[PDB]
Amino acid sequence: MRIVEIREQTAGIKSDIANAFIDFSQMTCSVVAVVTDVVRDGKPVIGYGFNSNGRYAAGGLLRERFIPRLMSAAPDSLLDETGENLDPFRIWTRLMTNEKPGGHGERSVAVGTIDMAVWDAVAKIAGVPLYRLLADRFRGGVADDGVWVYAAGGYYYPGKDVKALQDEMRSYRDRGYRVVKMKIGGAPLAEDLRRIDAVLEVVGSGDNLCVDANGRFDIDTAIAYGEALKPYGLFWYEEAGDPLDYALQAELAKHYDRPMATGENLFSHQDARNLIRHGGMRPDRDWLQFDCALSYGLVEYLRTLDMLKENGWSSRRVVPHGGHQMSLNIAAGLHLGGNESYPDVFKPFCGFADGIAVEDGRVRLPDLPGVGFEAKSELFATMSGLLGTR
């Protein structure tokens, strides 16, 4: 058996939604197919992957460096010790051959996208959902019954006012989510507080509301927002300052004693480790948001999780950015704290399996092989169409 070919294509997820840092008018993502010669249920096993919103597609990197490099390897060199499934670890090593250290951006997305497809294929060859594969290999067969999820939206948009924002959040609550997340930092403080007030009329307690500044604030603005946010008792205050300005987050923690979250824009275990060492994150109350699809994949994510354990952090503090089924499987299989979900934005690259409802903030995973792409009609149609695998 072998990987026969790897295909890539670029998809559009463009719209005029905006956070404090960017708008999404040009936003794209990569989709990948890892085609094998293994037969399951009368058809070839093909693994699929895509990268999360916000970083754009990485098709250039995929086609110029990573796909050729992986496809020039001897095919047996990519197999596990049984000879009857792929080895994501050998594949990762091949992908990263002749890559210099540092510079963890863009190529991190290319590798993350291939890694997703590789794990999808491995689980399909094994005949199990990915969470089951991961629980069996890494957690002694113990998987979570379900995963904590929150609904992320609350973007700025032309003409969107507090009534529309309330309607949005009510629609998330009606779909089973308890906790929601909104953007802040893209309007004057008083206007953001009025937006927060409006959402709380819908969701009740601050316990049910997260806010995300998308890394836009300098220290003075981060502290000023913090002081204004304190009375609301929000579930978390996310990415106040630049994702790499570790000293800024450490100073902010001296002034804001309620939970904070960051890390979606750190794309390696090295960068994650620097956050842990230098960022003043607090293991009993803060949250880490690393996204494997943007960060060289699950093979790299396991190094990050090992580093967290060695530095006194629980995996239960990790709630990945990105809203994807790959993270959902990792959460239940490796015991993360939960997963972000997008009920509205970035269609069709959002949501989990069709027909499996979120119930008071928790969702179960389908007993279907792989990551679960085939259980999302619209997304699967879009991906197989783009990649020519119908």
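Note that residue numbering begins at 1 and tracks the sequence as displayed.
Novice: Taking only the CA atoms, which stretch has the higher mean B-factor in the record, 64 to 72 or 27 to 35?
Specialist: Here the higher of the two C-alpha B-factor means belongs to 64 to 72.
Novice: Comparing 211 to 219 with 81 to 89, where is the mean C-alpha B-factor higher?
Specialist: Looking at the recorded C-alpha B-factors, 81 to 89 comes out higher on average.
Novice: Among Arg195, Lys124, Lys183, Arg107, single out the one with the highest C-alpha B factor in the record, please.
Specialist: Top of the list by C-alpha B-factor: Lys124.
Novice: Among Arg55, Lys43, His324, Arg364, which carries the highest Cα B-factor?
Specialist: If I rank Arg55, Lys43, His324, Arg364 by C-alpha B-factor, first place goes to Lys43.
Novice: Please place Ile22 in the lowest, middle or highest third of its chain according to the CA B-factor in the PDB entry.
Specialist: Ranked within chain, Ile22 CA B lands in the lowest tercile.
Novice: Which third, lowest, middle or highest, does the C-alpha temperature factor of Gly226 belong to within its own chain?
Specialist: It belongs to the middle third of the chain when residues are ordered by C-alpha B-factor.
Novice: Taking the entry's C-alpha B-factors for this chain, is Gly159 in the lowest, middle or highest third?
Specialist: Answer is highest: the recorded C-alpha B-factor places it there.
Novice: Split into thirds by Cα B-factor across the chain's modelled residues, where does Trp313 land: lowest, middle or highest?
Specialist: Within its chain, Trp313 is a middle-third residue by C-alpha B-factor, going by the deposited values.
Novice: Among the chain's modelled residues, which third holds the C-alpha B-factor of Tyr246?
Specialist: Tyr246: CA B-factor falls in the lowest third of its chain.
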